[PDB]
Every structure is written in C-alpha cells, then in structure tokens.
Amino acid sequence: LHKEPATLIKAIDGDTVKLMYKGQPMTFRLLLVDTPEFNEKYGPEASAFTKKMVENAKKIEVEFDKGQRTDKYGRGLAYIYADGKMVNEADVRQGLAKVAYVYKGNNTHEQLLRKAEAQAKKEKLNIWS
Ligand SMILES: Cc1cn([C@H]2C[C@H](OP(=O)(O)O)[C@@H](COP(=O)(O)O)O2)c(=O)[nH]c1=O
Ligand SMILES: [Ca+2]
C-alpha cells in the first residue's frame with residue numbers, strides 16, 4: 001500500500017473527513033473503524049479527537065487498500081495519516097472507535113488495529129470504561 005498526498009478541507013466526525021484528493025473535494029470514510037455518531041455517547045469526544053489530529057497535522061496522507069476505493073455513497077475509503085501517524089489506529093487506541101466493517105480485500109491493517117483495540121480495552125478507555 002502507498003501513501004498519497006491530500007489536504008484537509010474540513011473535519012466532519014470521528015471517522016469521516018473532507019479532504020482534497022488529486023485536486024477534487026471528497027468525503028473520506030476511515031477504513032476498519034466505527035466511531036459513535038455525534039449524537040451518541042463518546043461521539044463528541046471521537047469527533048474532537050479526529051478533528052484535533054487532522055487540523056494539527058502539517059501533512060495529511062491517504063492510503064487506499066487493495067479493494068473498493070469508493071463506497072455506495074461515493075465516499076473514499078482509506079487509511080488516513082496525520083504527520084505519519086494513522087488516525088484510524090489512534091481513534092481505536094484511545095477507545096474512541098471500534099474495529100468494524102472488515103471486508104475481505106480491504107483489510108490490510110486489521111491486525112494492527114485489533115491490537116490497539118485490545119490495549120484500549122485493557123486500559124478500560126472511553127468506550128470500554
Ligand atoms: C467503513 C465502510 C462502510 N461502508 C458502508 C456500510 C454501511 O452501509 P449502511 O449505511 O447501509 O449501513 C455504511 C456505514 O458507514 P457509517 O458508519 O459512516 O454510517 O457505509 C462500506 O460499504 N465500506 C466500508 O469500508
Ligand atoms: Ca460511524
């Protein structure tokens with residue numbers, strides 16, 4: 001898998017973000033994760049956390065997996081990095097997202113994220129408190 005450039009347009013919620021990719025605006029849905037909706041418990045904290053991460057970044061990158069790159073709603077599907085650190089992983093590590101929506105072909109970083117979920121759960125963090 002390969003990292004490609006993109007720039008923040010705007011933070012949306014815990015697991016979606018609007019980025020400019022190859023010079024076009026698109027909404028990205030983070031692969032392999034599910035944050036609570038803003039309206040739910042930990043939803044605001046998940047939104048704040050992703051927002052801070054992407055807004056503080058000097059360099060945003062997007063990394064497509066091997067499978068589908070767009071979902072049925074036209075959202076890009078990717079791993080998103082902020083100054084070299086994966087947002088998808090960090091959301092899970094902090095107990096602000098669950099590993100979710102694991103579809104064969106688009107699941108390269110499954111193991112890595114499940115490891116982070118286990119540590120988050122052991123610490124009883126946020127969603128696991
Ligand atoms: C993360 C992800 C979501 N989706 C779809 C499945 C869900 O369909 P439904 O909307 O029919 O439930 C929806 C969940 O995204 P949200 O968690 O953003 O709602 O997006 C994909 O198709 N592929 C993916 O990799
Ligand atoms: Ca969600």
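Counting begins at 1 with the first residue of the sequence. Numbering of ligands and ligand atoms starts at 1, following listing order. Only this structure's heavy atoms are used, side chains among them; waters, hydrogens and symmetry mates stay out.
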Check whether any N or O atom of [X], backbone or side chain, sits under 3.5 Å from an N or O atom of ligand 1, and answer yes or no.
X   : answer
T16 : no
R75 : yes
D15 : no

Are side-chain N/O atoms of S47 and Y42 paired as donor and acceptor at under 3.5 Å?
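No, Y42 and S47 have no side-chain donor paired with an acceptor closer than 3.5 Å.
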Taking atom types as modelled and ignoring hydrogens, do the side chains of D65 and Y79 form a donor-acceptor contact shorter than 3.5 angstrom?
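The criterion, which ignores hydrogens and geometry beyond distance, is satisfied for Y79 and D65.
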Near [X], which atoms of ligand 1 are under 4.0 Å from a heavy atom of that residue?
X   : result
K72 : 8 (O), 9 (P), 11 (O)
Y73 : 9 (P), 10 (O), 11 (O)
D34 : 17 (O)

For [atom], which protein heavy atom lies nearest, and how many Å away is it?
atom                    : result
atom 7 (C) of ligand 1  : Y101 CE2, 3.9 Å
atom 6 (C) of ligand 1  : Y103 OH, 3.5 Å
atom 16 (P) of ligand 1 : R29 NE, 3.6 Å

Short check: is a protein heavy atom less than 4.0 Å from atom 10 (O) of ligand 1?
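At least one protein heavy atom is under 4.0 Å away.
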Quick test of your reading of the model: are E110 and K115 salt-bridged, counting only N-O distances below 4.0 Å?
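Salt bridge between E110 and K115, a charged N being under 4.0 Å from a carboxylate O: no.
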Salt bridge check: are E55 and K51 linked by an N-O gap of less than 4.0 Å?
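Answer for the salt bridge query: yes.
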What pairs meet the side-chain hydrogen bond (donor to acceptor under 3.5 Å, both in side chains) rule with one or both residues in residues 6-16, with sequence neighbours excluded?
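Only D13-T16, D15-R29, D15-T35 qualify under side-chain hydrogen bond (donor to acceptor under 3.5 Å, both in side chains).
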Please say whether the positively charged group of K59, taken as NZ for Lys or CZ for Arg, lies over the ring of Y81, i.e. under 6.0 angstrom from the six-membered ring centre and within 45 degrees of the axis.
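Verdict for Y81: no cation-pi partner in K59.
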When you measure from the Ca ion (ligand 2) to the N, O or S atoms of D15, does any of those distances fall below 3.0 Å?
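Yes - counting backbone and side chain alike, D15 has an N, O or S atom under 3.0 Å.
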So which bit of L32 gets within less than 4.0 Å of ligand 1, heavy atoms only: side chain, backbone, both or neither?
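For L32, there is no contact with ligand 1 at all, from either part.
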Under 4.0 Å, heavy atoms only, figure out whether ligand 1 is touched by the backbone of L31, its side chain, both or neither.
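The side chain, only.
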Apex the Ca ion (ligand 2) - arms O from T35 and OD1 from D34 - angle rounded to 10°
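Between O of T35 and OD1 of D34, the angle at the Ca ion (ligand 2) is about 80°.
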What's the atom name of the N, O or S in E37 nearest to the Ca ion (ligand 2)?
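Output for this pair reads OE2.
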Is the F28 ring parallel, tilted or perpendicular to the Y21 ring (thresholds 30°, 60°)?
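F28 vs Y21 ring planes: perpendicular.
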